[PDB]
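A.B. asks:
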DNA sequence: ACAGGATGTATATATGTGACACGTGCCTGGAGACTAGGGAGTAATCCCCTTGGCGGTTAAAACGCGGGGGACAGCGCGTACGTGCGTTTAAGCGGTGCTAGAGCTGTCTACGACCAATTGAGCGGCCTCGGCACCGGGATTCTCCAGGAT
DNA sequence: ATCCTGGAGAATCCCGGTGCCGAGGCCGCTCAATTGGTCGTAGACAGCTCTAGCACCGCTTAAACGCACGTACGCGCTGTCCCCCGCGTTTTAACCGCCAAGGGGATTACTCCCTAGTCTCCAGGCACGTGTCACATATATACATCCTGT
Ligand SMILES: Nc1ncnc2c1ncn2[C@@H]1O[C@H](COP(=O)(O)OP(=O)(O)O)[C@@H](O)[C@H]1O
Ligand code: BEF
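Protein chains in written order, with the authors' numbering: chain F, 38 to 135; chain E, 38 to 135; chain D, 50 to 144; chain C, 50 to 144; chain K, 183 to 394, 410 to 472, 488 to 672, 705 to 728, 741 to 764; chain A, 24 to 125; chain B, 24 to 127; chain H, 13 to 102; chain G, 23 to 102.
(1) Relative to chain F, which residues along the stretch 32-43 of chain H have a C-beta separation below 7 angstroms, given in chain order?
(2) Measure the CB-CB distance between residue 60 (chain E) and residue 37 (chain G) and report whether it falls below 8 angstroms.
(3) Residue 94 (chain C) to residue 43 (chain B), Cα distance in whole Å?
(4) Measuring CB to CB, does residue 53 (chain H) end up less than 8 angstroms from residue 112 (chain F)?
(5) Contact defined as beta carbons within less than 8 angstroms: I believe residue 641 (chain K) pairs with residue 719 (chain K). What is the distance between those atoms, to the nearest angstrom?
(6) For residue 72 (chain G), which residues in the same chain have their Cβ closer than 7 angstroms to its Cβ, ignoring the five residues on either side in sequence?
(7) Please work out which residues of its chain come closer than 8 angstroms, Cβ to Cβ, to residue 313 (chain K), disregarding the five sequence neighbours upstream and downstream, and give them in chain order.
(8) DSSP three-state call for residue 651 (chain K): helix, strand or coil?
(9) If contact means a Cβ-Cβ distance below 7 angstroms, which residues of the stretch 58-74 of chain H contact chain C?
(10) Could you compute how far the alpha carbon of residue 69 (chain F) sits from the alpha carbon of residue 488 (chain K)?
(11) Decide if residue 101 (chain F) is buried, meaning its Cβ has at least 16 other Cβ atoms within 10 Å, or exposed.
(12) Taking 8 angstroms as the threshold, find out whether the stretch 30-43 of chain B comes into contact with the stretch 52-61 of chain C through three or more Cβ pairs.
(13) For residue 64 (chain E) and residue 114 (chain F), what's the separation of their Cα atoms in angstroms?
(14) Looking at chain A, is there any beta carbon in it that lies within less than 8 angstroms of the beta carbon of residue 54 (chain D)?
(15) Is the closest heavy atom of ligand 2 to the C-beta of residue 333 (chain K) under 7 angstroms?
(16) Using the beta-carbon count (16 or more within 10 Å), is residue 653 (chain K) buried or exposed?
(17) Going along chain K, which residues have a C-beta under 7 angstroms from residue 21 (chain H)?
(18) Could you check where the beta strand (DSSP E) with residue 356 (chain K) kicks off and where it finishes?
(19) Name the chain E residues whose beta carbon is nearer than 9 angstroms to that of residue 121 (chain B)?
(20) Between residue 76 (chain B) and residue 92 (chain B), is the Cβ-Cβ spacing less than 8 angstroms?
(21) Among the candidates E:135, E:128, E:106, E:122, whose CA atom is the shortest distance from the CA of residue 121 (chain B)?
(22) Could you say which of K:213, K:565, K:361, K:709 lies nearest to residue 746 (chain K) if we only look at CA atoms?
(23) Three Cβ pairs or more, each shorter than 8 angstroms: is that satisfied between the stretch 544-552 of chain K and the stretch 614-627 of chain K?
(24) Taking the C-alpha atoms as reference points, what is the distance between residue 471 (chain K) and residue 655 (chain K)?
(25) Just curious, the alpha helix (DSSP H) that residue 47 (chain A) is in, first and last residue?
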C-alpha cells in the first residue's frame with residue numbers, strides 16, 4: 038500500500054489547518070470546562086452562548102500563540118519535536134508566571 | 038603565579054555586580070547617545086540631568102532583563118555562552134519587534 | 050421602545066464604496082471594522098484626556114488629538130493621519 | 050508664591066512607625082513609596098471610572114472601588130484590601 | 183359482518199390474510215373519499231385502535247386500482263420495524279424496504295431496491311424522522327412522492343421545526359398525519375399540523391388565533422365543526438366493546454423522612470454541606501439516592517436494601533410488584549429519565565427478576581428482539597422497562613396486563629400514549645394504570661399542569709390524598725373484576753377518563 | 024448643511040462630538056477636535072478597507088471576510104504593529120512554515 | 024472632627040476626595056468611596072513597609088533603602104505579581120544563580 | 013446482563029480537551045512533532061488562562077449585579093489581560 | 023556617530039554579569055547596542071512627542087516617566 | 001586525597017559629614033451648615049433566553065501495531081572566549097561665567113456650554129435576488145515505490 | 001552507491017448546475033444634529049525674572065584597549081533505541097433536532113435621600129534653618145576559598 042512519510046502528512050495537516058480558519062476545539066467539552074472553572078469561583082452562574090464562543094476563540098488564539106513560541110523554542114534548540122521545557126521557557130519569557 | 042579558572046572569576050563578578058546595585062554604564066557616553074537620538078528626531082532640545090539619569094536607569098533595567106532572558110535561552114539550548122540567536126529569540130518571544 | 054445602538058456601518062460602507070466600488074463587505078467584517086474603529090476612538094480619547102490632565106488643561110483641542118494620534122499610531126500611519134486631520138481642520142475653519 | 054505639592058510622606062512615616070517603631074526610612078525610599086501609592090491610586094481611580102462608564106452610572110460608590118481593587122490587586126492582597134475597606138466603611142457609616 | 187368483508191375485498195383487492203373491522207372499513211372508506219376529492223386529511227384515533235391497519239388497507243387499495251406511485255412512510259424508529267412486520271403479514275405481494283442505517287448501508291439499499299425511475303415493484307419506503315430529515319435534500323428530492331404518511335404526527339408540533347423545512351424541500355402530492363392525540367399542550371400547535379396538511383385552509387397562525410362564557414362554547418363548537426371534515430376521531434370505549442376497559446389509579450406515597458430532610462436541605466441549600489431548583493427537587497422526588505451518589509462520586513451502586521428502603525415510593529413500588537407477582541400478570545414500567553430505568557434494572561437484577569429495557573441507547577434490532585420475546589407466551593418475562601420518549605410510541609406490547617408510570621411528563625398526551633401501549637387490540641385481560649406520584653411534593657404541580665392541559669383536549705379530598713395507601717386499600721385496588741371500588745380513596749385517586757382534573761377550576 | 028459635508032468627511036462629526044461629550048474625557052471640547060477625530064478615523068478605516076479589498080481580490084472573493092481582514096492587518100507592518108495584540112474572531116493565522124521544518 | 028480620625032485611617036480622606044474630584048473620574052463621588060480608597064492605600068502601604076522593614080532588619084540596617092524595597096517586593100509573590108513590570112531605581116536585581124551555571 | 017456499577021463517570025472537564033484537538037492546535041501553530049507531556053502541559057496552561065479570564069469576567073458580572081456572564085464582560089476581561097477580541101465584541 | 027560605540031564592551035559585560043550571564047560571545051555586543059538603540063529611540067520619540075505637546079524645549083523627567091509608562095515599564099523614584 | 005601559600009573577603013574600630021528629623025509662621029485647603037434637584041433605590045411585568053434530557057448517527061475519538069526518523073549519549077578538535085599585565089585616554093570632580101528658557105502674574109478676548117425649536121439622517125422591518133457553499137467528475141500534481149540503467 | 005528516469009495511486013485543482021440564505025435596496029418616522037444668542041471663564045499674549053542647562057580649561061586616576069596564551073566549550077559525525085507517527089477498527093461522545101419550565105435581562109412611573117455648589121473659618125501641612133547620628137571610607141587582621149604537586 039501507500040504509506041507516506043511522517044513529514045509530508047504533517048505538512049499537509051499544517052497547511053490545511055492554517056487555511057481552514059475555524060474552531061479546532063469541540064464546543065461541548067470546552068463549555069463543560071468553562072462551567073466547571075466558573076463554579077470553582079462562584080456557584081449558580083449562567084453563561085451566554087456568545088460569551089462561551091468568545092472564550093473559546095480567545096483560548097484557541099492564545100494556545101496558537103503559545104504553540105508558535107514553543108515551536109520557535111524547539112527550533113532554537115535544534116529539535117523538531119516540542120517538549121515541555123520549551124513550553125516552560127516560552128511561558129517564562131512571555132512573563133506568564135504559573 | 039595564581040591564574041584562576043574562567044568560572045570562579047565569572048561567578049565572583051556576577052555576585053559582585055548583583056550585590057553592588059549601582060549604575061554600570063558610564064554617564065557621559067550614554068548622555069551623548071541620548072542627545073544624538075533626540076537630535077535625530079528634533080533639533081535644539083535640552084535635557085534635564087534627572088531625566089537622563091532616569092533614562093539610564095530604565096535602559097540598564099531593560100538590558101538586565103534582556104540578558105536574563107538571553108541566559109535562559111542559552112541554558113535551554115544547553116550552551117553556557119550566549120549568542121545573537123538567543124537575543125533574537127528572546128526579542129521575538131517578548132513581542133518586541135525590530 | 051428599544052435602544053438604537055450607534056454604529057459606523059453606513060459610513061464604513063460609504064468609505065469602502067469610495068475606495069473600492071465593486072468590492073463588498075459581509076456582516077462579520079462590518080462588525081469587526083466597527084469594533085476596531087470604536088477601540089481606536091476610545092484609545093485616542095483616553096490618551097487625549099490623559100494629555101489634558103497632564104498639562105492641567107480642562108479643554109481638549111485639535112492639538113491634544115494630534116498628539117494622541119502621534120503617540121498611538123506608529124510612523125507613517127501617524128504622519129498621514131496628522132496630515133489628513135490638519136487638512137480637515139483647515140477646510141472646516143476656512144468654510 | 051510656590052506650589053506646595055501634596056505627598057503622603059507624613060502618612061507613610063506614620064504607618065511605618067506604627068508597623069515598625071525602630072526602623073526608619075530614607076528620602077529615596079520615601080519618594081519611591083509615594084510614587085507607588087500615587088500610581089496605585091491613579092490605576093484604581095481609572096478602573097473605577099471605566100467601571101462606572103461601563104454600567105452607565107455617573108456616581109462612583111464603594112462598590113466600584115471594591116470591584117477595581119478586586120480586579121487590580123491579585124488574590125490575597127485583594128481579599129485583605131476588600132476586608133479592610135469594608136471595615137473602614139462600616140466604622141465610618143456607623144459613627 | 184359479511185358486508186364489511188365483501189366491501190373490504192372489493193375496495194382493497196391485494197389486502198388478504200386479514201379482515202378489516204367495521205370502524206376500520208369506515209375509516210379506510212373515508213380515506214379513499216379524501217383521496218378522490220383531493221383533500222388531505224389527518225387520520226386520528228385512540229392508541230388502542232388500529233391506525234396502521236386502515237392506512238395499510240388504503241395503501242393496498244391505491245396500489246390496486248389506477249397507478250402505483252412512490253409511497254413514503256416517515257415514523258419513529260421503534261415503529262418502522264412493526265410497520266414492516268405488518269406490511270409483510272397483513273399485505274402479501276406488496277414490497278416495502280426499510281430505509282435506515284449507516285450512510286453506505288442506506289445508499290446501497292437505495293441503489294439496489296429502488297431505481298431512479300418509477301417501477302411497478304417499487305417498494306414502499308419506511309424511514310425514520312432523522313434519516314428522512316438528513317436525506318431529503320441529498321437523495322429524496324430526486325424521486326417524487328405521490329402519497330406520504332407521517333405516523334406519530336405530534337413530532338410536527340413546532341411550526342419552526344427543522345423537520346417541517348426538510349419536508350417542505352421535498353415534493354409530495356398528498357399527506358396523511360397519523361396522531362393518536364392530535365391536540366397538544368397549549369394551543370395553535372395543531373395549526374402547524376393543519377398548515378402542513380392544508381396549506382391554503384390555514385395559511386397563517388393569526389387566522390387560527392382569530393378562530394380561537411357562552412361565546413367560548415360557541416367558538417369551541419365552531420372549531421369542532423370545522424375540524425370535523427378533515428379530522429376523524431374514535432375512542433376505545435365507544436366503538437368496540439371487545440377490549441376490556443382501563444382503570445387509572447394515581448397511587449400517592451408520602452415522602453419519606455430521608456427525602457424529607459433531603460427536601461429541607463434543598464430549600465435551604467445545604468445538601469452539599471451535609472455530605488435549576490426544579491430539576492433538583494424532581495430528582496429528589498424519584499430516587500434521590502442516585503442524586504446523592506452522583507454528587508458524592510462513588511462508582512458502586514448503594515446497597516439494594518438501602519436503595520429500596522431509603523428514599524422514594526420504592527416501598528409502595530415493591531408492594532405493588534409483589535402483589536402483581538401473586539397476581540401472575542405482566543407489567544409495563546415507563547420512566548422519564550434513563551437513570552431511573554438504570555436504578556430499577558439494577559434492583560431487578562439484584563433480585564433476579566427477568567427484565568428487558570428499551571431506551572434510546574438500545575438499537576433497532578435489539579428493540580425488535582425484546583418486543584418479540586416479551587410478546588411471547590413461553591417467556592417468563594413479566595417486568596418490562598420502557599422509556600416514555602422511545603419505548604412509549606408506536607410499539608404494541610399486548611402480552612402485558614398492567615402499566616405503572618413512576619414519573620409523569622409535563623405533556624399529558626405523552627403519558628397517555630405511553631399508558632395506552634399495553635391496551636391494544638387483542639388484550640384479553642383488563643388493564644390497570646397505576647400512576648406513581650409522591651404526595652405533598654411538586655409532582656402534584658406537574659400533575660395539575662398536565663390536567664389543565666388535558667382540559668383543552670377534552671373541550672377539543706386533598707387530605708385523603710395525603711395519606712399513604714394501606715395493604716387493604718392495595719387489595720381493594722388489585723381486583724380486575726370491576727373493569728369487565742370508590743372513585744376516591746386513602747392515598748389513591750381514580751382518574752375520570754371523560755373529564756375532570758386535579759384543579760377542577762382550571763379544568764372548567 | 025451637516026458638519027461632515029462642511030468638513031469634507033464621510034464620518035459623522037456630530038456623532039463623534041456627542042460621543043466625546045458623553046464620555047466626558049474633558050470639561051470642554053474644541054471645535055476642531057471632532058473634525059480631526061473624524062478625519063483620523065476615516066483615514067484609518069479607508070486604509071484597512073483598501074488592504075482588505077486587495078486581500079479579497081487576491082482570493083477572487085468579492086465580499087470581505089474576517090479572514091481577509093486578518094490577512095490584510097497581519098501583512099502590513101504598520102497595521103500589524105497597531106493591532107499586534109488584537110485577535111480577530113473567525114480568522115486563522117498567517118500561512119507560514121519555518122524553513123527548518125521543510 | 025476629621026474624616027481620617029472618624030474612620031480610624033492614617034491616610035487623609037479629604038485629600039483623596041479632592042484628588043478624585045479633580046481627576047473627574049466620575050461626575051458625582053460617593054460618600055464611602057474616599058474612605059475605602061484610603062483604607063486600601065493604607066493597607067497596601069503598611070504591607071510594603073512591613074516587608075521592607077523586615078528586609079532591612081535582616082540586613083542589619085536601621086533605615087530602609089530602595090534596595091530593601093526591591094528585595095521585599097521581589098521576594099513577596101503577591102506584591103511581585105502586583106508590581107511585576109515596575110523597576111525600582113537604585114534597587115538592583117534579586118540575587119539568584121541557575122543550578123546548571125554553578126559547577127557541581 | 014453485565015454486572016453494573018454506576019458507570020462512565022465523566023472524564024474530567026480538563027480532559028475534554030482531547031489529544032487530537034491539541035494536535036490540530038499545534039498544526040495550526042506550525043508544530044510538526046509533538047511530545048507526550050505536551051498535551052498535559054497545554055491542558056494546564058489552558059486551565060490557568062481560563063481561570064484568570066473567568067475570574068475577571070465573574071468580577072465584572074458581580075459588579076453589574078447580574079447572574080449571567082455576557083459576551084461584553086468576557087471581552088472586557090480579555091482586554092484587561094492584553095488580548096483584544098474584535099469579532100464577538102459589541 | 024560613534025556614540026552607540028560609547029557603550030563599551032566592559033559595560034555590556036558588567037550588565038550581562040548583573041543579569042547572570044557567565045560567558046559572553048563576541049557578537050553579543052553589537053546586537054545589544056542595536057537593541058539598546060531601538061529601545062532608546064522608542065522612549066525618546068515618545069518623550070519628545072510629550073514635550074512638543076507642552077510647547078517646551080526641554081525634556082522633563084516626568085515626560086520620560088510617562089513615555090516609559092506608555093511602553094509598560096513604570097519607573098519609581100525618578101518621577102517628580 | 002591532603003598540606004600549604006597567594007588571593008579575596010568578612011570583621012572590629014576611629015573620625016568625618018551630609019542627609020534625616022524636629023520646632024516654627026502661616027496660608028491655602030479641609031471642615032461645618034442649608035438648599036434644591038437629579039441620580040439612585042425599588043415594586044411589578046414580561047417575554048426573550050438559559051438549563052436538562054431524551055433519540056440517534058456519524059464523523060470524530062480511541063486502542064493497538066510496525067518501523068523508521070529523530071532525541072540523545074559519547075568523543076576529538078580547534079577555535080573563540082577568558083584571565084593578567086603595561087599603557088593610555090577619556091570619565092569625573094572642582095570652579096567660574098553666560099544666557100536661553102521654565103514659570104507666575106495682570107488683562108482682556110474670542111470660544112465653548114445651555115437652552116428653545118426643529119427637520120432632515122439613521123435606525124427598525126419585509127422583500128429580494130445574486131454571491132457563495134456543497135457536489136459529481138475529468139484532469140493535473142505530488143509522492144511512494146521497486147525497479148532499471150551505470 | 002548513486003543517479004537518473006518509470007508507473008500506479010492518493011491527493012489536489014478547475015469547471016458546471018443549483019438553490020438558498022445572507023447581503024443589499026426602500027420607506028414612515030423620531031430622536032438627535034443644526035441654527036440663532038449669551039456669558040463668563042479658559043486661553044493667547046507682553047513682560048521681569050532667576051535658575052538651571054550648556055561650554056571650557058587643568059589634574060587626575062580609574063577605566064578602557066591591545067596583545068600572548070591555553071584551555072574549556074560550541075560544533076560535526078557516528079550508533080542507537082525508543083518514542084512519535086501513519087493506518088484498519090471500533091465505539092463513543094458532539095450535535096443537531098425537540099420540549100416544556102422558569103430564572104433572569106430591561107422598562108417604565110416614582111420618590112427620596114445622597115450629593116453638587118456656595119459663604120465662612122481655622123487647623124493640618126508645607127517651606128526654611130539646623131545639630132546630630134547612621135553610614136561611607138581607610139587600615140589592620142583573622143579566615144574562607146581556589147590552584148598545584150606529593
Ligand atoms: N382486523 C384485525 N384483525 C386482527 N387483529 C387486528 C386487526 N386490526 C388490528 N389488529 C391488531 O392491532 C394491532 C395493529 O394496529 P395498532 O398497532 O394498534 O395501530 P397504532 O399503534 O398505530 O394505533 C395489531 O396487534 C393487530 O393484531
Ligand atoms: F401508530 Be403507532 F403504532 F401507534
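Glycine included, each C-beta is placed from N, C-alpha and C at the ideal position.
C.D. replies: With the structure as the only source:
(1) 33, 36, 37, 38, 39, 40, 41, 42, 43
(2) The beta carbons of residue 60 (chain E) and residue 37 (chain G) sit no closer together than 8 angstroms.
(3) 7 angstroms
(4) Cβ atoms of residue 53 (chain H) and residue 112 (chain F): not closer than 8 angstroms.
(5) 18 angstroms between Cβ atoms; not a contact.
(6) The answer, listed in chain order, is 85, 88, 89.
(7) Closer than 8 angstroms at Cβ, skipping near neighbours: 281, 282, 288.
(8) strand
(9) Of all residues in the stretch 58-74 of chain H, 68, 71 have a Cβ within less than 7 angstroms of some Cβ in chain C.
(10) 16 angstroms
(11) buried
(12) yes
(13) 38 angstroms
(14) no
(15) Result yes, Cβ under 7 angstroms from ligand 2.
(16) buried
(17) 511
(18) 354-356
(19) 108, 109, 112
(20) no
(21) Relative to the Cα of residue 121 (chain B), the nearest Cα in the group E:135, E:128, E:106, E:122 belongs to E:106.
(22) K:709
(23) yes
(24) 25 angstroms
(25) Unbroken run through residue 47 (chain A): none, as it is neither H nor E.
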